[PDB]
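As stored in run09.cif (mmCIF, C-alpha atoms and all ligand atoms):
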```cif
data_structure
#
loop_
_atom_site.group_PDB
_atom_site.id
_atom_site.type_symbol
_atom_site.label_atom_id
_atom_site.label_comp_id
_atom_site.auth_asym_id
_atom_site.auth_seq_id
_atom_site.Cartn_x
_atom_site.Cartn_y
_atom_site.Cartn_z
ATOM 1 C CA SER A 37 98.540 117.101 142.526
ATOM 2 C CA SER A 38 97.646 119.677 139.878
ATOM 3 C CA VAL A 39 101.232 120.670 139.025
ATOM 4 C CA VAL A 40 103.915 118.770 137.107
ATOM 5 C CA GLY A 41 107.399 119.897 136.132
ATOM 6 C CA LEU A 42 107.453 122.126 139.252
ATOM 7 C CA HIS A 43 105.809 124.989 137.347
ATOM 8 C CA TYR A 44 103.152 123.664 134.931
ATOM 9 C CA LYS A 45 99.554 123.247 136.089
ATOM 10 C CA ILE A 46 97.381 120.914 134.026
ATOM 11 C CA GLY A 47 94.210 122.286 132.459
ATOM 12 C CA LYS A 48 91.810 120.999 129.817
ATOM 13 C CA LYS A 49 92.636 117.940 127.708
ATOM 14 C CA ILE A 50 93.108 118.605 123.978
ATOM 15 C CA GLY A 51 93.898 115.099 122.746
ATOM 16 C CA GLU A 52 93.724 111.469 123.803
ATOM 17 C CA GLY A 53 94.564 108.068 122.382
ATOM 18 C CA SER A 54 97.982 106.651 121.563
ATOM 19 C CA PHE A 55 99.817 109.903 122.383
ATOM 20 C CA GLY A 56 99.248 109.101 126.051
ATOM 21 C CA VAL A 57 97.343 112.299 126.765
ATOM 22 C CA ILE A 58 97.940 115.889 125.651
ATOM 23 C CA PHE A 59 96.644 118.670 127.907
ATOM 24 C CA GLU A 60 96.355 122.409 128.033
ATOM 25 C CA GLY A 61 98.485 123.958 130.745
ATOM 26 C CA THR A 62 99.775 127.203 132.184
ATOM 27 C CA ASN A 63 103.140 128.135 133.643
ATOM 28 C CA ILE A 64 102.438 129.021 137.286
ATOM 29 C CA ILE A 65 105.288 131.556 137.295
ATOM 30 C CA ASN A 66 104.183 133.750 134.374
ATOM 31 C CA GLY A 67 100.801 132.421 133.201
ATOM 32 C CA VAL A 68 101.872 131.625 129.623
ATOM 33 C CA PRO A 69 99.935 128.732 128.037
ATOM 34 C CA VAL A 70 101.657 125.398 127.459
ATOM 35 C CA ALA A 71 100.766 121.978 126.094
ATOM 36 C CA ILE A 72 101.495 119.045 128.404
ATOM 37 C CA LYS A 73 102.301 115.808 126.545
ATOM 38 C CA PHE A 74 101.913 112.823 128.856
ATOM 39 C CA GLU A 75 103.275 109.437 127.851
ATOM 40 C CA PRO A 76 102.925 106.151 129.771
ATOM 41 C CA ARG A 77 106.379 105.362 131.158
ATOM 42 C CA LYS A 78 106.724 101.605 130.662
ATOM 43 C CA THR A 79 105.369 101.228 127.122
ATOM 44 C CA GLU A 80 106.408 99.462 123.931
ATOM 45 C CA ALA A 81 106.803 102.690 121.893
ATOM 46 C CA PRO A 82 108.924 105.103 123.978
ATOM 47 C CA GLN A 83 109.308 108.265 121.910
ATOM 48 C CA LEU A 84 108.831 111.433 123.984
ATOM 49 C CA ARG A 85 112.308 111.922 125.430
ATOM 50 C CA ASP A 86 113.808 111.976 121.932
ATOM 51 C CA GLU A 87 111.091 114.405 120.832
ATOM 52 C CA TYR A 88 112.230 116.679 123.667
ATOM 53 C CA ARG A 89 115.829 116.487 122.467
ATOM 54 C CA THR A 90 114.756 117.304 118.912
ATOM 55 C CA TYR A 91 112.988 120.446 120.142
ATOM 56 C CA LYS A 92 116.181 121.412 121.983
ATOM 57 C CA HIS A 93 118.329 120.995 118.868
ATOM 58 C CA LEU A 94 115.833 123.049 116.839
ATOM 59 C CA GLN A 95 115.519 125.530 119.726
ATOM 60 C CA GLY A 96 115.186 129.189 118.780
ATOM 61 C CA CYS A 97 114.233 128.502 115.162
ATOM 62 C CA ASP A 98 111.159 130.501 114.185
ATOM 63 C CA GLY A 99 108.044 128.370 113.809
ATOM 64 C CA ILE A 100 109.285 125.625 116.155
ATOM 65 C CA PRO A 101 107.723 125.712 119.650
ATOM 66 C CA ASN A 102 109.940 125.855 122.717
ATOM 67 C CA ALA A 103 110.445 122.822 124.942
ATOM 68 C CA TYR A 104 110.292 123.941 128.570
ATOM 69 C CA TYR A 105 110.591 120.716 130.572
ATOM 70 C CA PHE A 106 111.029 116.957 130.462
ATOM 71 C CA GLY A 107 111.214 114.540 133.369
ATOM 72 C CA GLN A 108 109.642 111.668 135.260
ATOM 73 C CA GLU A 109 106.535 111.999 137.431
ATOM 74 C CA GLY A 110 104.487 109.041 138.583
ATOM 75 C CA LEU A 111 104.597 106.399 135.863
ATOM 76 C CA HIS A 112 104.317 108.987 133.075
ATOM 77 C CA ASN A 113 106.826 111.017 131.068
ATOM 78 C CA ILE A 114 106.033 114.685 130.444
ATOM 79 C CA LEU A 115 107.047 117.144 127.732
ATOM 80 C CA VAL A 116 105.916 120.737 128.259
ATOM 81 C CA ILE A 117 105.947 122.940 125.150
ATOM 82 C CA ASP A 118 104.322 126.101 123.811
ATOM 83 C CA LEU A 119 100.583 125.685 123.350
ATOM 84 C CA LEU A 120 99.621 126.679 119.799
ATOM 85 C CA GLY A 121 96.486 127.015 117.686
ATOM 86 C CA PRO A 122 94.639 124.670 115.340
ATOM 87 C CA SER A 123 96.281 122.566 112.670
ATOM 88 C CA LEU A 124 96.115 123.297 108.962
ATOM 89 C CA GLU A 125 93.769 120.305 108.760
ATOM 90 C CA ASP A 126 91.423 121.993 111.245
ATOM 91 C CA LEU A 127 91.383 125.294 109.348
ATOM 92 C CA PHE A 128 91.043 123.313 106.107
ATOM 93 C CA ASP A 129 87.791 121.780 107.373
ATOM 94 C CA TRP A 130 86.465 125.110 108.656
ATOM 95 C CA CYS A 131 87.293 126.736 105.301
ATOM 96 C CA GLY A 132 85.087 124.176 103.544
ATOM 97 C CA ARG A 133 87.925 121.711 102.843
ATOM 98 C CA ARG A 134 89.649 124.015 100.367
ATOM 99 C CA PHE A 135 92.276 126.754 100.568
ATOM 100 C CA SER A 136 92.444 129.364 97.836
ATOM 101 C CA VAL A 137 95.567 129.830 95.713
ATOM 102 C CA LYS A 138 96.789 132.845 97.688
ATOM 103 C CA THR A 139 96.520 131.034 101.027
ATOM 104 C CA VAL A 140 98.190 127.886 99.668
ATOM 105 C CA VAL A 141 101.162 129.821 98.260
ATOM 106 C CA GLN A 142 101.681 131.773 101.488
ATOM 107 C CA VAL A 143 101.297 128.638 103.611
ATOM 108 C CA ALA A 144 103.568 126.664 101.263
ATOM 109 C CA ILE A 145 106.610 128.946 101.467
ATOM 110 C CA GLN A 146 106.403 128.918 105.269
ATOM 111 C CA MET A 147 106.227 125.121 105.169
ATOM 112 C CA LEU A 148 109.190 125.113 102.783
ATOM 113 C CA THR A 149 111.026 127.410 105.207
ATOM 114 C CA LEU A 150 110.191 125.306 108.275
ATOM 115 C CA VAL A 151 111.246 122.033 106.631
ATOM 116 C CA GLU A 152 114.391 123.709 105.285
ATOM 117 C CA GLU A 153 115.513 124.838 108.746
ATOM 118 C CA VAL A 154 114.757 121.309 109.970
ATOM 119 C CA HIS A 155 117.054 119.960 107.249
ATOM 120 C CA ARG A 156 119.686 122.525 108.252
ATOM 121 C CA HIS A 157 119.760 120.847 111.680
ATOM 122 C CA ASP A 158 120.701 117.509 110.040
ATOM 123 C CA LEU A 159 117.253 115.890 110.381
ATOM 124 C CA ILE A 160 114.489 114.901 107.978
ATOM 125 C CA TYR A 161 110.919 115.147 109.234
ATOM 126 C CA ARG A 162 109.355 112.042 107.589
ATOM 127 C CA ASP A 163 105.822 112.724 108.909
ATOM 128 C CA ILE A 164 104.691 115.613 106.711
ATOM 129 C CA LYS A 165 100.928 116.163 107.002
ATOM 130 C CA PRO A 166 98.619 119.172 107.543
ATOM 131 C CA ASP A 167 97.715 117.947 111.046
ATOM 132 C CA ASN A 168 101.256 118.708 112.286
ATOM 133 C CA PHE A 169 101.316 122.331 111.040
ATOM 134 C CA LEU A 170 99.674 124.678 113.552
ATOM 135 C CA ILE A 171 98.959 128.406 113.570
ATOM 136 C CA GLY A 172 99.583 130.609 116.620
ATOM 137 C CA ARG A 173 96.966 131.868 119.170
ATOM 138 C CA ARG A 174 94.547 134.849 119.056
ATOM 139 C CA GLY A 175 96.302 138.161 119.613
ATOM 140 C CA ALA A 176 99.770 136.632 119.412
ATOM 141 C CA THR A 177 102.350 138.181 117.107
ATOM 142 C CA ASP A 178 102.626 134.848 115.240
ATOM 143 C CA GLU A 179 98.875 134.212 115.232
ATOM 144 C CA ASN A 180 98.506 133.227 111.564
ATOM 145 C CA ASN A 181 102.079 131.986 111.050
ATOM 146 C CA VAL A 182 102.682 128.303 110.381
ATOM 147 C CA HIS A 183 104.342 126.199 113.084
ATOM 148 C CA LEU A 184 105.666 122.632 113.060
ATOM 149 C CA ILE A 185 105.068 120.228 115.955
ATOM 150 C CA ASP A 186 105.428 116.469 116.541
ATOM 151 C CA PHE A 187 108.955 115.197 115.816
ATOM 152 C CA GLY A 188 108.596 111.561 116.839
ATOM 153 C CA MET A 189 109.606 110.357 113.364
ATOM 154 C CA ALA A 190 112.469 112.797 112.759
ATOM 155 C CA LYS A 191 115.681 110.986 111.822
ATOM 156 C CA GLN A 192 119.245 112.199 111.396
ATOM 157 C CA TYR A 193 120.015 112.118 107.666
ATOM 158 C CA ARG A 194 123.604 113.420 107.811
ATOM 159 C CA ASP A 195 126.393 113.531 110.364
ATOM 160 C CA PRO A 196 126.195 116.880 112.214
ATOM 161 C CA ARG A 197 129.966 117.478 112.050
ATOM 162 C CA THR A 198 131.066 115.855 108.770
ATOM 163 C CA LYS A 199 127.802 116.697 106.919
ATOM 164 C CA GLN A 200 127.915 113.287 105.202
ATOM 165 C CA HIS A 201 124.633 111.819 103.974
ATOM 166 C CA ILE A 202 123.246 108.523 105.283
ATOM 167 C CA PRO A 203 123.635 105.532 102.934
ATOM 168 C CA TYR A 204 120.825 104.665 100.555
ATOM 169 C CA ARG A 205 118.957 101.487 101.482
ATOM 170 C CA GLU A 206 115.671 99.821 100.576
ATOM 171 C CA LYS A 207 113.151 97.241 101.840
ATOM 172 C CA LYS A 208 112.170 99.452 104.768
ATOM 173 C CA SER A 209 108.763 99.292 106.399
ATOM 174 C CA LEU A 210 106.192 101.823 105.211
ATOM 175 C CA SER A 211 106.559 104.992 107.295
ATOM 176 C CA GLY A 212 103.914 107.666 107.788
ATOM 177 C CA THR A 213 100.405 108.295 106.506
ATOM 178 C CA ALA A 214 99.659 106.995 103.018
ATOM 179 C CA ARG A 215 97.795 110.074 101.755
ATOM 180 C CA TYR A 216 100.865 112.342 101.740
ATOM 181 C CA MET A 217 103.892 110.019 101.826
ATOM 182 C CA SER A 218 106.257 110.171 98.867
ATOM 183 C CA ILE A 219 106.478 107.507 96.174
ATOM 184 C CA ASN A 220 109.895 106.388 97.444
ATOM 185 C CA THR A 221 108.303 105.747 100.845
ATOM 186 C CA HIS A 222 105.652 103.512 99.261
ATOM 187 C CA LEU A 223 108.472 101.513 97.645
ATOM 188 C CA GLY A 224 110.155 100.996 101.029
ATOM 189 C CA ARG A 225 113.171 103.186 100.265
ATOM 190 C CA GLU A 226 115.254 105.155 102.742
ATOM 191 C CA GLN A 227 113.858 108.674 102.952
ATOM 192 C CA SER A 228 115.850 111.892 102.582
ATOM 193 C CA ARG A 229 115.293 115.636 102.218
ATOM 194 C CA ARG A 230 113.543 115.112 98.871
ATOM 195 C CA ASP A 231 110.794 113.018 100.475
ATOM 196 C CA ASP A 232 109.878 115.747 102.968
ATOM 197 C CA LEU A 233 109.472 118.055 99.963
ATOM 198 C CA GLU A 234 107.447 115.646 97.811
ATOM 199 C CA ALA A 235 105.045 115.121 100.717
ATOM 200 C CA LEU A 236 104.609 118.902 100.858
ATOM 201 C CA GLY A 237 103.684 118.986 97.172
ATOM 202 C CA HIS A 238 101.016 116.384 97.895
ATOM 203 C CA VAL A 239 99.736 118.548 100.757
ATOM 204 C CA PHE A 240 99.714 121.596 98.468
ATOM 205 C CA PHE A 241 97.509 119.827 95.914
ATOM 206 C CA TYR A 242 95.348 118.522 98.772
ATOM 207 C CA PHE A 243 94.747 122.131 99.825
ATOM 208 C CA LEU A 244 94.135 123.351 96.267
ATOM 209 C CA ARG A 245 91.820 120.549 95.115
ATOM 210 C CA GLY A 246 90.143 119.580 98.392
ATOM 211 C CA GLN A 247 91.140 115.934 97.845
ATOM 212 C CA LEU A 248 93.702 113.685 96.207
ATOM 213 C CA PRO A 249 92.805 111.108 93.524
ATOM 214 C CA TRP A 250 94.296 108.306 95.662
ATOM 215 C CA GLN A 251 91.913 108.983 98.553
ATOM 216 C CA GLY A 252 88.984 106.694 99.257
ATOM 217 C CA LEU A 253 90.688 103.718 97.620
ATOM 218 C CA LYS A 254 89.664 100.232 98.727
ATOM 219 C CA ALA A 255 91.642 97.033 99.310
ATOM 220 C CA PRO A 256 91.331 93.869 101.444
ATOM 221 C CA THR A 257 94.328 94.788 103.644
ATOM 222 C CA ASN A 258 96.346 97.865 104.568
ATOM 223 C CA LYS A 259 99.465 96.615 102.768
ATOM 224 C CA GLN A 260 97.520 96.299 99.509
ATOM 225 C CA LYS A 261 95.739 99.608 100.151
ATOM 226 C CA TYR A 262 99.047 101.440 100.576
ATOM 227 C CA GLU A 263 100.219 99.877 97.302
ATOM 228 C CA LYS A 264 97.091 100.954 95.409
ATOM 229 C CA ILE A 265 97.654 104.470 96.763
ATOM 230 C CA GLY A 266 101.294 104.331 95.708
ATOM 231 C CA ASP A 267 100.194 103.001 92.323
ATOM 232 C CA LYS A 268 97.976 105.978 91.493
ATOM 233 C CA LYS A 269 100.606 108.461 92.676
ATOM 234 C CA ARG A 270 102.870 107.159 89.901
ATOM 235 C CA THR A 271 100.012 106.776 87.403
ATOM 236 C CA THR A 272 98.732 110.338 87.908
ATOM 237 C CA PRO A 273 100.996 112.888 86.168
ATOM 238 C CA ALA A 274 101.582 116.151 88.006
ATOM 239 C CA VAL A 275 99.745 118.086 85.284
ATOM 240 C CA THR A 276 96.514 116.135 85.827
ATOM 241 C CA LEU A 277 96.658 117.019 89.523
ATOM 242 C CA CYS A 278 97.228 120.643 88.473
ATOM 243 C CA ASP A 279 94.125 120.771 86.250
ATOM 244 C CA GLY A 280 92.809 124.325 86.363
ATOM 245 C CA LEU A 281 95.546 125.287 88.837
ATOM 246 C CA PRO A 282 98.781 127.302 88.558
ATOM 247 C CA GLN A 283 101.252 124.987 86.825
ATOM 248 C CA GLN A 284 104.029 126.010 89.240
ATOM 249 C CA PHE A 285 102.563 123.462 91.672
ATOM 250 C CA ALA A 286 102.933 120.664 89.116
ATOM 251 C CA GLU A 287 106.401 121.977 88.256
ATOM 252 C CA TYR A 288 107.271 121.843 91.964
ATOM 253 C CA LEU A 289 106.087 118.268 92.535
ATOM 254 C CA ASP A 290 107.961 117.038 89.454
ATOM 255 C CA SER A 291 111.225 118.771 90.372
ATOM 256 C CA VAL A 292 111.317 117.432 93.936
ATOM 257 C CA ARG A 293 110.301 113.967 92.707
ATOM 258 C CA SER A 294 113.418 114.006 90.496
ATOM 259 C CA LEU A 295 115.908 115.068 93.171
ATOM 260 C CA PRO A 296 118.797 112.641 93.793
ATOM 261 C CA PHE A 297 118.907 110.819 97.106
ATOM 262 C CA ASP A 298 121.592 112.967 98.761
ATOM 263 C CA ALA A 299 121.028 116.177 96.783
ATOM 264 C CA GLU A 300 120.477 119.404 98.691
ATOM 265 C CA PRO A 301 117.190 120.869 97.407
ATOM 266 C CA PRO A 302 117.033 124.458 96.092
ATOM 267 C CA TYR A 303 114.615 125.689 98.748
ATOM 268 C CA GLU A 304 114.658 129.356 97.736
ATOM 269 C CA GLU A 305 114.185 128.322 94.100
ATOM 270 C CA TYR A 306 110.998 126.496 95.108
ATOM 271 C CA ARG A 307 109.754 129.466 97.147
ATOM 272 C CA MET A 308 110.309 131.862 94.237
ATOM 273 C CA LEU A 309 108.518 129.370 91.979
ATOM 274 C CA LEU A 310 105.378 129.401 94.127
ATOM 275 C CA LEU A 311 105.649 133.163 94.701
ATOM 276 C CA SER A 312 105.489 133.747 90.937
ATOM 277 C CA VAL A 313 101.957 132.313 91.077
ATOM 278 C CA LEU A 314 100.869 135.433 92.965
ATOM 279 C CA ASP A 315 102.477 137.676 90.342
ATOM 280 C CA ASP A 316 100.686 135.738 87.589
ATOM 281 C CA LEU A 317 97.321 136.280 89.320
ATOM 282 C CA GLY A 318 97.998 139.858 90.431
ATOM 283 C CA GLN A 319 98.037 138.994 94.141
ATOM 284 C CA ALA A 320 100.333 140.108 96.950
ATOM 285 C CA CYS A 321 101.971 138.018 99.680
ATOM 286 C CA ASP A 322 100.534 140.192 102.439
ATOM 287 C CA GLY A 323 99.613 137.523 105.012
ATOM 288 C CA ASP A 324 95.838 137.422 104.495
ATOM 289 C CA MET A 325 94.670 133.828 104.966
ATOM 290 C CA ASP A 326 91.278 132.246 104.314
ATOM 291 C CA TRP A 327 90.646 131.378 107.964
ATOM 292 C CA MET A 328 90.995 135.048 108.964
ATOM 293 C CA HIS A 329 87.609 135.635 107.277
ATOM 294 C CA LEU A 330 85.712 132.842 109.050
ATOM 295 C CA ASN A 331 82.621 133.674 111.099
ATOM 296 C CA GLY A 332 82.053 137.157 109.702
ATOM 297 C CA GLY A 333 85.672 138.177 110.235
ATOM 298 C CA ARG A 334 85.937 137.104 113.779
ATOM 299 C CA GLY A 335 87.971 134.028 113.130
ATOM 300 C CA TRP A 336 87.527 130.397 114.063
ATOM 301 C CA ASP A 337 84.975 129.392 116.735
ATOM 302 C CA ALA A 338 85.508 126.544 119.175
ATOM 303 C CA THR A 339 82.017 125.020 119.154
ATOM 304 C CA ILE A 340 80.563 125.939 115.739
ATOM 305 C CA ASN A 341 83.683 125.136 113.696
ATOM 306 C CA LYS A 342 85.004 122.254 115.815
HETATM 307 CL CL CL B 401 98.228 91.885 102.303
#
```
Render the structure in this file as structure tokens.
Amino acid sequence: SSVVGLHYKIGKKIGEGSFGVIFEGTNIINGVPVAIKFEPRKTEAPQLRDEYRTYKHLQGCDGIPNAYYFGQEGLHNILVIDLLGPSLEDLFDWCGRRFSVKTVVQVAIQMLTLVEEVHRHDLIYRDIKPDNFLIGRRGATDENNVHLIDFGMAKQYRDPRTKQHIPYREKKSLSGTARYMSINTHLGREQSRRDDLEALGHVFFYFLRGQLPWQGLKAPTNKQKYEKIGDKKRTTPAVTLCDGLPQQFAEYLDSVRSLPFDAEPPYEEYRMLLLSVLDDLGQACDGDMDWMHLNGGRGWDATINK
């Protein structure tokens, strides 16, 4: 039968692999587009139901999609959420694998705002990467605004009522993708708010430079490869990353790398820091992004770009 969750008809597939399947969908009551996340029921990595709960806790926060339904159907588990646009990694590719300073600053402060609100709801993200930051859809009011999806690695870092930080521990298994993960994550340390921020600084340099100096490294195994990547992150000073770039980005990475384990980061201080880049270069934070000039001004095309 075409319809799951009583009201959500399944359309084209937009992703397959370990995430069971992800589909396009439409609400059969109002026609609004949704994304249908299927997950095999009896599997060794059950994660969807908690991702639905996380969306419900973060419900209403701007930039976080709504969760409309979760339940059992067949031998699959379904999460229906707002369908959104391409990831920042997609637009990165289409923009020639480089964002200009204006776009990076504007995108950064929205990522700082999203992650902040996540922290306000007592959770750390722990999977920061450009592939999990999506823009809206054509014609929508939030078309070129940054969103945050995929919360399967979100963990509670403080008690919601007492606001008391989790204990510091070590010797944990390496969590996330090695290109953006913080240095503390490489060393197997318990993550916190600071690590979500340090991973953003890595993403910011990845947008500005088009690559990171610890990409394309070789090693016999993945354990040794993750260590070589972690090794160059500590060998490479923030100023060398920021070569020919506004030093506020090096200043940002250094300041969040120095944050104590339980310290609350000065989010607005970081946003003002990156905003002062635009004042230094005589630019305005008006919302104009690089991808809004693709294809002659049209935007991004489904079969040329992707
Ligand atoms: Cl090994």
Pick out the residues sitting within 7 Å of residue 222 (chain A), and hand them over as a PyMOL selection string; count all atoms listed in the file, and ignore anything fewer than 2 positions along from it in its own chain. chain A and resi 210+218-220+224+263+266
Cut-off 10 Å: closest chain A/ligand CL 401 (chain B) atom pairs per residue, using only C-alpha atoms and all ligand atoms, as a Markdown table:
```
| residue | atom | partner | partner_atom | distance |
| --- | --- | --- | --- | --- |
| A:255 | CA | B:CL401 | CL | 8.9 |
| A:256 | CA | B:CL401 | CL | 7.2 |
| A:257 | CA | B:CL401 | CL | 5.0 |
| A:258 | CA | B:CL401 | CL | 6.7 |
| A:259 | CA | B:CL401 | CL | 4.9 |
| A:260 | CA | B:CL401 | CL | 5.3 |
| A:261 | CA | B:CL401 | CL | 8.4 |
| A:262 | CA | B:CL401 | CL | 9.7 |
| A:263 | CA | B:CL401 | CL | 9.6 |
```
Any chance you could resolve the PyMOL selection byres (((chain A and resi 50) around 7) and not hetatm) against this file and give the residues as a PyMOL selection string? chain A and resi 48-49+51+58-60
Name the residues captured by the PyMOL selection byres (((chain A and resi 245-249) around 12) and not hetatm) when it is applied to the shown file; answer as a PyMOL selection string. chain A and resi 125+128-129+131-137+140+214-216+237-244+250-253+264-274+276-282+285
Carefully work through the PyMOL selection byres (((chain A and resi 100-113) around 9) and not hetatm) for this structure and note down the residues it includes, as a ChimeraX atom specification. /A:40-41,56,70,73-78,84-85,88-89,91-92,94-99,114-120,150,183-185
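Distance check against residue 166 (chain A) using all atoms listed in the file: of A:312, A:123, A:83, A:294, the minimum falls on A:123.
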For residue 144 (chain A): contacts at 10 Å, only C-alpha atoms, fewer than 2 positions along chain excluded, given as number ranges by chain: A: 138-142, 146-150, 182, 236-237, 239-240, 306-307, 310-311
Requested write-out: C-alpha atoms of the selected residues, as a tab-separated table (two decimals), in the frame of the given file:
```
chain	number	residue	atom	x	y	z
A	138	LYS	CA	96.79	132.84	97.69
A	139	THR	CA	96.52	131.03	101.03
A	140	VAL	CA	98.19	127.89	99.67
A	141	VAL	CA	101.16	129.82	98.26
A	142	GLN	CA	101.68	131.77	101.49
A	146	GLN	CA	106.40	128.92	105.27
A	147	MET	CA	106.23	125.12	105.17
A	148	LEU	CA	109.19	125.11	102.78
A	149	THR	CA	111.03	127.41	105.21
A	150	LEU	CA	110.19	125.31	108.28
A	182	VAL	CA	102.68	128.30	110.38
A	236	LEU	CA	104.61	118.90	100.86
A	237	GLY	CA	103.68	118.99	97.17
A	239	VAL	CA	99.74	118.55	100.76
A	240	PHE	CA	99.71	121.60	98.47
A	306	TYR	CA	111.00	126.50	95.11
A	307	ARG	CA	109.75	129.47	97.15
A	310	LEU	CA	105.38	129.40	94.13
A	311	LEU	CA	105.65	133.16	94.70
```
Of the candidates A:64, A:127, A:328, A:286, which one gets nearest to residue 309 (chain A) if we count only C-alpha atoms? A:286
Hey, can you check how far CA of residue 44 (chain A) sits from CA of residue 63 (chain A)?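 Atom-to-atom, CA of residue 44 (chain A) and CA of residue 63 (chain A) are spaced 4.7 Å apart.
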Would you list the residues near (95.2, 132.2, 107.3), meaning any protein, DNA or RNA residue with an atom at most 7 Å from that point in file coordinates, counting all atoms listed in the file, as a ChimeraX atom specification? /A:139,180,324-328
Pull C-alpha atoms from the residues just selected and write them as a compact mmCIF listing (two decimals), keeping the file's coordinate frame.
```txt
# COMPACT_ATOMS: atom_id res chain seq x y z
CA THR A 139 96.52 131.03 101.03
CA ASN A 180 98.51 133.23 111.56
CA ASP A 324 95.84 137.42 104.50
CA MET A 325 94.67 133.83 104.97
CA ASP A 326 91.28 132.25 104.31
CA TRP A 327 90.65 131.38 107.96
CA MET A 328 91.00 135.05 108.96
```
Do a neighbour search on residue 201 (chain A) at 10 Å with all atoms listed in the file, toss out local chain neighbours closer than 4 positions, and write the hits as a ChimeraX atom specification. /A:158,192-196,228,297-299
Could you state the separation of CA of residue 232 (chain A) and CA of residue 163 (chain A) in Å, given to one decimal place? 7.8 Å
Between A:46, A:72, A:321, A:190, which residue has the minimum interatomic distance to residue 155 (chain A), considering all atoms listed in the file? A:190
Could you check how far CA of residue 69 (chain A) sits from CA of residue 42 (chain A), in Å to one decimal?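 Spanning CA of residue 69 (chain A) to CA of residue 42 (chain A) is a straight-line distance of 15.0 Å.
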If I wrap all listed atoms of region 105-113 of chain A in a box with edges along x, y and z and add 6 Å on each side, what are its centre and edge lengths in Å to one decimal, as JSON?
```
{"center_x": 107.8, "center_y": 113.6, "center_z": 134.5, "size_x": 18.9, "size_y": 26.3, "size_z": 20.1}
```
